[PDB]
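Chemist: Once you've had a glance at the structure underneath, I'll fire off some questions.
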Amino acid sequence: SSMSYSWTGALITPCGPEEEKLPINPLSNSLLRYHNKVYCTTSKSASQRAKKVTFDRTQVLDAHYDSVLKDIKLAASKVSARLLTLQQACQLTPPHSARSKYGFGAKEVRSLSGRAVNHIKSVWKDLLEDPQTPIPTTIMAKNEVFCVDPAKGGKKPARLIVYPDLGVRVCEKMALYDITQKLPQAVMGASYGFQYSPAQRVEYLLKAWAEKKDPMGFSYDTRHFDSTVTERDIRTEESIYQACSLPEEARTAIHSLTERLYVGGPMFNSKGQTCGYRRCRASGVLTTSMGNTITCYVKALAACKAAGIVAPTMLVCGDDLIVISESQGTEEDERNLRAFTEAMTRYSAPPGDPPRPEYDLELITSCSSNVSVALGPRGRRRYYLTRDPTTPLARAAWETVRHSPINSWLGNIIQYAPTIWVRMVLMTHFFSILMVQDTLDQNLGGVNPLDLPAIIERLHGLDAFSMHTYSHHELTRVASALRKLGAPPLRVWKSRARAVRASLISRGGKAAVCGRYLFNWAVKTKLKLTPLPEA
RNA sequence: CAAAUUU
RNA sequence: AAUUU
Ligand SMILES: Nc1nc2c(ncn2[C@@H]2O[C@H](COP(=O)(O)OP(=O)(O)O)[C@@H](O)[C@H]2O)c(=O)[nH]1
Ligand SMILES: [Cl-]
Ligand SMILES: [Mn+2]
Ligand SMILES: [Mn+2]
Ligand SMILES: [Mn+2]
C-alpha cells in the first residue's frame with residue numbers, strides 16, 4: 001500500500017558547516033595512525049540514505065498481533081497521565097535546542113520569555129482547534145563519526161532526522177511527556193529496556209538465562225526501522241496512548257498531533273524548499289523512542305507467538321531486542337527463528353541481518369554491545385558489558401577546528417571501565433594526555449578526572465580495577481580493532497601504562513590514587529586494593 | 001531532532 | 001557533557 005517517502009528532487013541541505021580533519025591531529029596522533037579511516041557522515045551522503053529508506057510497504061496482521069495489542073491496551077488503562085503546564089514543558093527543552101522559525105530559541109523558551117510563551121499558546125490553540133492540517137517539518141542529516149569499513153561498503157550514508165519547529169516540540173511535551181514517563185514501563189514491565197542500568201541489564205540477562213532448563217537466545221534489529229513504521233502503526237500507537245486515563249484536552253492534542261504530525265507530512269530542507277513528503281516515523285518527535293519501543297514490542301511478542309518460541313523473556317530498547325527462550329532443539333529453533341522473521345516481515349519490521357539462535361550469552365549483540373566474562377580478584381567469574389571498540393576509537397580521533405574528543409575518551413572510560421580496551425588503551429592515553437597538558441584538575445563535561453576511581457567503583461564495583469583473563473572473543477576483537485585503526489598493540493599500551501602510572505603515583509594526591517587503582521593491571525607486583533571513602 | 005542511561 | 005536507540 002503506502003510508500004515511506006516521496007521526493008521533490010530538492011537536495012537535503014546542511015544546517016551549518018561540516019568540518020574536515022586537519023593534516024595534524026595533535027591529541028590523537030599518538031593514539032592511532034590511520035586517520036584516513038575516520039570520517040563524519042556528511043549531508044551530501046543524505047541523498048543515498050533517502051534511496052535506501054524509500055520503499056513500498058505492505059502489512060498483514062493476524063490473531064497473534066491482534067491478541068497482543070488487546071492485552072497491551074488493558075495494560076495502558078491501569079495508567080493515569082496528566083497534561084504538562086506550558087511552562088513545565090518549556091523547562092524540559094534542552095539548552096541548545098534548535099531555534100524557532102518564528103524568531104526565538106531555547107534561551108527564551110527555558111527562561112519563559114513572553115514572545116516565546118505567546119507563540120506556544122497560539123500553537124497549542126491551533127492543535128486544539130484544527131485536527132487535519134499537516135504540520136511542516138525540517139529534514140536534516142545526522143553527522144556521526146565512524147571508521148571506514150571497506151568490507152561493509154566504504155562509508156555509511158547519513159541517517160535522516162525529521163523534526164517540527166520548536167513551538168510544536170514544546171506542545172508535544174505538554175500533551176505527551178507524562179505518558180512517556182509512565183506508559184512503556186506499564187505496558188512492557190520488566191521487558192522495558194531503558195528502565196535498567198547496565199549492571200541491571202546484565203543481571204537481567206543472566207537471570208533470564210539461568211531460569212531456562214535449556215536456554216536459547218537471539219537478538220533482532222529492524223532495517224531502517226523508522227521507514228518501516230506505517231500510518232496504521234502510528235494510529236495504533238495513538239489508540240494505545242488514548243487507552244489511558246487522560247484529560248479531554250490531551251486527547252484532542254494527541255489525536256491532532258497524531259494526525260497532523262506523527263502519521264506524516266511535508267518536509268523542507270534547511271534552505272526552505274519542499275523536500276519531499278513522509279508517511280512513516282519522523283525521528284525527531286517526542287514519541288520517537290516510546291513509539292519505536294512499544295510498537296517494536298507488539299510485533300515482536302506477536303512474532304514470538306506466531307513462531308512458537310517457548311517461555312520468551314524479552315528486552316526491548318527501541319527497535320533492538322533480545323529474547324531468551326527455552327530451546328526446542330537446534331532443528332526446531334532454526335525453524336522458529338525463520339518463522340519469527342517472516343512474522344516480523346509481514347508486520348512490516350524486517351531484519352537487517354537475519355537472526356540466528358545462539359546458546360552462549362557472549363554471542364548475542366544488541367544496541368551495539370554484548371555481555372562478556374572475565375575473572376575477578378578472588379578468581380570468581382565477573383560478567384560485564386562491552387563492545388567492538390572500533391567506533392569509540394574512531395571517535396577518539398575525531399579532532400577538528402571546532403571539536404575536541406577528550407570528552408568521548410572520558411564518556412567511554414566511565415561507561416566501559418571494566419573492558420580491557422578502556423583499561424589498557426583509552427585510560428592510558430587519556431591520562432598520558434592530561435599529565436603532559438598538566439590539566440588533571442580541569443573539569444571535563446562536569447566531571448573531575450581525579451574522581452574517576454570513585455566514580456568507577458560507584459558504577460562498576462571495585463572489581464573493575466582487578467579483572468583479568470579476558471575472553472578469547474574480546475581479546476581477538478580488541479587486537480583486531482587496534483590493528484584496523486593503526487594503533488599500537490596491547491603490549492605497547494602495557495609499557496605506556498607503566499610509565500603513565502609511575503608518573504601519577506609519584507605525583508601524589510588523588511593522581512596517585514588514580515595511578516594505583518586505574519593501572520594496577522599494569523604491574524607484576526599488584527597491590528591490595530580496598531574500597532573508597534568517596535563512594 | 002527526540003528520548004533513555006551515565007555524570 | 002558522554003553513550004545508545
Ligand atoms: N530521534 C532520533 N532517533 C534515532 C536516532 N538514532 C536512531 N534513532 C531511532 O531508532 C531507530 C532504530 O535505530 P537503528 O537500528 O540504530 O537504525 P535504523 O534501524 O537503521 O534506522 C531509528 O530508525 C530511529 O527512529 C537519532 O539520532 N535521533
Ligand atoms: Cl573474584
Ligand atoms: Mn535498526
Ligand atoms: Mn483519536
Ligand atoms: Mn537498532
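In the C-alpha cells, the first chain shown is A, the next is B, and so on; residue numbers restart at 1 for each chain, and ligands run from 1 in the order shown.
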Enumerate as a PDB file with C-alpha atoms (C1' of nucleotides), in the first residue's frame the residues belonging to chain C that approach chain A to within 6 Å, with only C-alpha atoms (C1' of nucleotides) taken into account.
Modeler:
```pdb
ATOM      1  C1'   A C   1      28.893  16.702  28.718  1.00  0.00           C
ATOM      2  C1'   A C   2      29.231  11.002  27.047  1.00  0.00           C
ATOM      3  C1'   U C   5      18.213   3.670  20.085  1.00  0.00           C
TER       4        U C   5
END
```
Chemist: Step one, run DSSP on the backbone; step two, keep only residues of segment 80-278 of chain A assigned to strand (DSSP E); then write them as JSON, numbers by chain.
Modeler: {"A": [137, 138, 139, 140, 141, 145, 146, 147, 160, 161, 162, 163, 215, 216, 217, 218, 219, 220, 221, 265, 266, 267, 268, 274, 275, 276, 277, 278]}
Chemist: Store the residues of this selection in a file with C-alpha atoms, as a tab-separated table (two decimals), in the first residue's frame.
Modeler:
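Once written, again.tsv looks like this:
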```tsv
chain	number	residue	atom	x	y	z
A	137	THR	CA	8.87	19.54	9.27
A	138	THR	CA	12.51	20.25	8.66
A	139	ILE	CA	14.68	17.41	7.38
A	140	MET	CA	18.39	17.17	8.05
A	141	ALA	CA	21.27	14.68	8.06
A	145	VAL	CA	31.82	9.66	13.06
A	146	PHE	CA	32.78	6.13	12.03
A	147	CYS	CA	35.79	4.11	10.94
A	160	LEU	CA	17.81	11.26	8.31
A	161	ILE	CA	16.48	13.49	11.08
A	162	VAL	CA	12.98	14.91	10.66
A	163	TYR	CA	11.53	17.43	13.10
A	215	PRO	CA	18.28	-21.67	27.18
A	216	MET	CA	18.42	-20.34	23.66
A	217	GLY	CA	18.97	-16.70	22.81
A	218	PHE	CA	18.76	-14.31	19.94
A	219	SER	CA	18.57	-10.67	19.04
A	220	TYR	CA	16.68	-8.89	16.26
A	221	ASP	CA	17.08	-5.49	14.70
A	265	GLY	CA	3.65	15.29	6.30
A	266	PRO	CA	5.78	17.61	4.20
A	267	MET	CA	9.47	18.05	4.74
A	268	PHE	CA	11.62	21.07	3.98
A	274	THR	CA	9.90	21.47	-0.26
A	275	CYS	CA	11.98	18.32	0.07
A	276	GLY	CA	9.50	15.53	-0.04
A	277	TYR	CA	6.64	14.05	1.91
A	278	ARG	CA	6.77	11.41	4.64
```
Chemist: Output the neighbourhood of ligand 4 as JSON, numbers by chain, that is, all protein and nucleic acid residues with some atom at most 12 Å from the ligand, counting only C-alpha atoms (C1' of nucleotides) and all ligand atoms.
Modeler: {"A": [131, 132, 234, 235, 236, 237, 238, 239, 240, 241, 242, 243, 248, 249, 250, 251, 252, 253, 254, 255, 256, 257, 258, 259, 260]}
Chemist: Please identify all residues of chain B having at least one atom at most 6 Å from any atom of chain A, considering only C-alpha atoms (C1' of nucleotides), and return them as a PDB file with N, CA, C and O atoms (P, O5', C5', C4', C3', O3' and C1' of nucleotides), in the first residue's frame.
Modeler:
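Saved file result.pdb follows:
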```
ATOM      1  P     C B   1      19.264  20.222  17.274  1.00  0.00           P
ATOM      2  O5'   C B   1      18.112  19.332  16.628  1.00  0.00           O
ATOM      3  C5'   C B   1      16.756  19.799  16.588  1.00  0.00           C
ATOM      4  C4'   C B   1      15.787  18.657  16.734  1.00  0.00           C
ATOM      5  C3'   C B   1      15.788  17.950  18.074  1.00  0.00           C
ATOM      6  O3'   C B   1      15.014  18.672  19.016  1.00  0.00           O
ATOM      7  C1'   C B   1      15.795  16.346  16.344  1.00  0.00           C
ATOM      8  P     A B   2      15.236  18.475  20.595  1.00  0.00           P
ATOM      9  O5'   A B   2      14.634  17.027  20.876  1.00  0.00           O
ATOM     10  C5'   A B   2      13.217  16.822  20.941  1.00  0.00           C
ATOM     11  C4'   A B   2      12.905  15.354  21.048  1.00  0.00           C
ATOM     12  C3'   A B   2      13.491  14.634  22.253  1.00  0.00           C
ATOM     13  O3'   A B   2      12.714  14.821  23.411  1.00  0.00           O
ATOM     14  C1'   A B   2      13.819  13.321  20.340  1.00  0.00           C
ATOM     15  P     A B   3      13.428  15.062  24.784  1.00  0.00           P
ATOM     16  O5'   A B   3      13.474  13.604  25.420  1.00  0.00           O
ATOM     17  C5'   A B   3      12.274  12.835  25.589  1.00  0.00           C
ATOM     18  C4'   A B   3      12.606  11.377  25.458  1.00  0.00           C
ATOM     19  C3'   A B   3      13.590  10.842  26.486  1.00  0.00           C
ATOM     20  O3'   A B   3      12.909  10.480  27.663  1.00  0.00           O
ATOM     21  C1'   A B   3      14.232  10.106  24.364  1.00  0.00           C
ATOM     22  P     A B   4      13.558  10.771  29.066  1.00  0.00           P
ATOM     23  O5'   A B   4      14.386   9.442  29.350  1.00  0.00           O
ATOM     24  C5'   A B   4      13.768   8.150  29.278  1.00  0.00           C
ATOM     25  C4'   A B   4      14.825   7.086  29.099  1.00  0.00           C
ATOM     26  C3'   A B   4      16.036   7.156  30.031  1.00  0.00           C
ATOM     27  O3'   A B   4      15.834   6.536  31.296  1.00  0.00           O
ATOM     28  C1'   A B   4      16.777   6.899  27.818  1.00  0.00           C
TER      29        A B   4
END
```
Chemist: Near residue 103 of chain A, counting only C-alpha atoms (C1' of nucleotides), which residues have an atom at most 12 Å away, once you skip same-chain residues fewer than 4 positions from it, shown as a list in words?
Modeler: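 Residues meeting the cut-off are residues 98, 99, 107, 108, 109, 113, 115, 116, 119, 165, 166 and 167 of chain A.
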Chemist: Convert the current residue selection to file output with C-alpha atoms, as a short mmCIF file (atom, residue, chain, number, x, y, z; two decimals), in the first residue's frame.
Modeler:
```
data_model
loop_
_atom_site.label_atom_id
_atom_site.label_comp_id
_atom_site.auth_asym_id
_atom_site.auth_seq_id
_atom_site.Cartn_x
_atom_site.Cartn_y
_atom_site.Cartn_z
CA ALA A 98 17.33 24.38 17.58
CA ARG A 99 15.63 27.76 17.41
CA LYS A 107 17.17 30.51 25.86
CA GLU A 108 13.80 32.37 25.62
CA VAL A 109 11.81 29.20 25.95
CA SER A 113 10.26 34.94 27.55
CA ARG A 115 7.21 36.24 22.80
CA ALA A 116 8.05 32.54 23.18
CA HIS A 119 3.64 31.74 20.26
CA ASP A 165 9.54 23.69 14.68
CA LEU A 166 10.47 24.35 18.30
CA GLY A 167 7.00 25.57 19.32
#
```
Chemist: Take atom CA of residue 17 of chain A and atom CA of residue 406 of chain A and report the distance between them in Å, one decimal.
Modeler: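 Going from atom CA of residue 17 of chain A over to atom CA of residue 406 of chain A, I get 21.4 Å.
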Chemist: Write down as a list in words the residues belonging to segment 83-113 of chain A that are assigned alpha helix (DSSP H) by DSSP computed on the backbone.
Modeler: residues 86, 87, 88, 89, 90, 91, 106, 107, 108, 109, 110 and 111 of chain A
Chemist: Given a cut-off of 10 Å, what residues near ligand 2 show up using only C-alpha atoms (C1' of nucleotides) and all ligand atoms, put as a list in words?
Modeler: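 My answer, listing the contacting residues, is residues 374, 375, 376, 377, 378, 379, 380, 381, 382, 463, 466, 467 and 468 of chain A.
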Chemist: Keeping only N, CA, C and O atoms, write the selected residues to a file as an mmCIF file, in the first residue's frame.
Modeler:
```cif
data_model
loop_
_atom_site.group_PDB
_atom_site.id
_atom_site.type_symbol
_atom_site.label_atom_id
_atom_site.label_comp_id
_atom_site.auth_asym_id
_atom_site.auth_seq_id
_atom_site.Cartn_x
_atom_site.Cartn_y
_atom_site.Cartn_z
ATOM 1 N N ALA A 374 35.022 -12.059 32.460
ATOM 2 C CA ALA A 374 36.392 -12.247 32.869
ATOM 3 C C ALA A 374 36.430 -12.713 34.335
ATOM 4 O O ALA A 374 35.387 -12.826 34.989
ATOM 5 N N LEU A 375 37.636 -13.003 34.823
ATOM 6 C CA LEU A 375 37.865 -13.364 36.224
ATOM 7 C C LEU A 375 38.178 -12.113 37.042
ATOM 8 O O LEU A 375 38.844 -11.181 36.568
ATOM 9 N N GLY A 376 37.686 -12.104 38.273
ATOM 10 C CA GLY A 376 37.926 -11.008 39.205
ATOM 11 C C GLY A 376 39.070 -11.300 40.165
ATOM 12 O O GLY A 376 39.819 -12.279 39.980
ATOM 13 N N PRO A 377 39.195 -10.465 41.217
ATOM 14 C CA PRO A 377 40.371 -10.514 42.093
ATOM 15 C C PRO A 377 40.533 -11.870 42.779
ATOM 16 O O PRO A 377 41.633 -12.422 42.759
ATOM 17 N N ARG A 378 39.444 -12.418 43.330
ATOM 18 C CA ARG A 378 39.492 -13.704 44.050
ATOM 19 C C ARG A 378 39.285 -14.956 43.159
ATOM 20 O O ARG A 378 39.176 -16.067 43.680
ATOM 21 N N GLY A 379 39.260 -14.794 41.832
ATOM 22 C CA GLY A 379 39.097 -15.940 40.899
ATOM 23 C C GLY A 379 37.658 -16.240 40.465
ATOM 24 O O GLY A 379 37.415 -17.201 39.722
ATOM 25 N N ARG A 380 36.705 -15.421 40.928
ATOM 26 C CA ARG A 380 35.286 -15.568 40.587
ATOM 27 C C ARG A 380 34.995 -15.026 39.144
ATOM 28 O O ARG A 380 35.671 -14.105 38.685
ATOM 29 N N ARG A 381 34.027 -15.616 38.423
ATOM 30 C CA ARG A 381 33.659 -15.127 37.079
ATOM 31 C C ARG A 381 32.868 -13.817 37.237
ATOM 32 O O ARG A 381 31.881 -13.770 37.962
ATOM 33 N N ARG A 382 33.308 -12.760 36.560
ATOM 34 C CA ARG A 382 32.653 -11.467 36.625
ATOM 35 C C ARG A 382 32.145 -11.134 35.205
ATOM 36 O O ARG A 382 32.923 -11.082 34.248
ATOM 37 N N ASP A 463 35.701 -4.450 41.567
ATOM 38 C CA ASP A 463 36.213 -5.498 40.671
ATOM 39 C C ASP A 463 36.745 -4.976 39.329
ATOM 40 O O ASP A 463 37.630 -5.579 38.724
ATOM 41 N N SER A 466 40.423 -4.875 39.069
ATOM 42 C CA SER A 466 41.182 -6.112 39.257
ATOM 43 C C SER A 466 40.927 -7.232 38.243
ATOM 44 O O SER A 466 41.521 -8.300 38.329
ATOM 45 N N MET A 467 40.072 -6.995 37.267
ATOM 46 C CA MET A 467 39.676 -8.072 36.386
ATOM 47 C C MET A 467 40.806 -8.505 35.463
ATOM 48 O O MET A 467 41.542 -7.687 34.931
ATOM 49 N N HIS A 468 40.923 -9.805 35.269
ATOM 50 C CA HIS A 468 41.948 -10.356 34.408
ATOM 51 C C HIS A 468 41.382 -11.551 33.629
ATOM 52 O O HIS A 468 40.251 -11.991 33.875
#
```
Chemist: Atom CA of residue 157 of chain A to atom CA of residue 41 of chain A: how many Å, to one decimal?
Modeler: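 Atom CA of residue 157 of chain A sits 6.0 Å away from atom CA of residue 41 of chain A.
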Chemist: Expressed in Å to a single decimal, how great is the separation between atom CA of residue 224 of chain A and atom 17 (O, counted along the ligand's line) of ligand 1?
Modeler: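 Between these atoms lies a distance of 5.4 Å.
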